[PDB]
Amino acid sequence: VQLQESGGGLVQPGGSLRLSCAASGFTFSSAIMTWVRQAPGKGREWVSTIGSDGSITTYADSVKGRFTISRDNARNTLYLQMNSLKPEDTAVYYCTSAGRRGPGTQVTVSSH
């Protein structure tokens, strides 16, 4: 199993990013996929989950209406479209499945 996230960056408030996660070493098309985030000094926070065929999606109340989870099973890729970003969204975002996680991608939202 391998998970590798990308697409993070440093954005202004109201900005946007599109996170990706490349998967290998298991049947991606059969896997529930989840995005989590973790900022220093804060608790781990569930972001969103997507069922294996993509039709069932769930979101944390903190991101509802701003972030959208999606997947391309043919390309073994999970996505997180992030809009209307706020300083409080700053975190490492990571993908997790069956007790494994990727190393993550940093999202920083700052007016500076």
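Residue numbers here begin at 1 and follow the sequence given.
Comparing 29 to 37 with 58 to 66, the stretch with the higher mean C-alpha B-factor in the PDB entry is 58 to 66. Once the C-alpha B-factors are averaged per stretch, 5 to 13 and 96 to 104 rank with 5 to 13 first. Among all modelled residues in this chain, the alpha-carbon of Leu19 has a temperature factor (C-alpha) in the middle third.
When the CA B factors of the chain's modelled residues are split into thirds, the value for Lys86 lands in the highest one.
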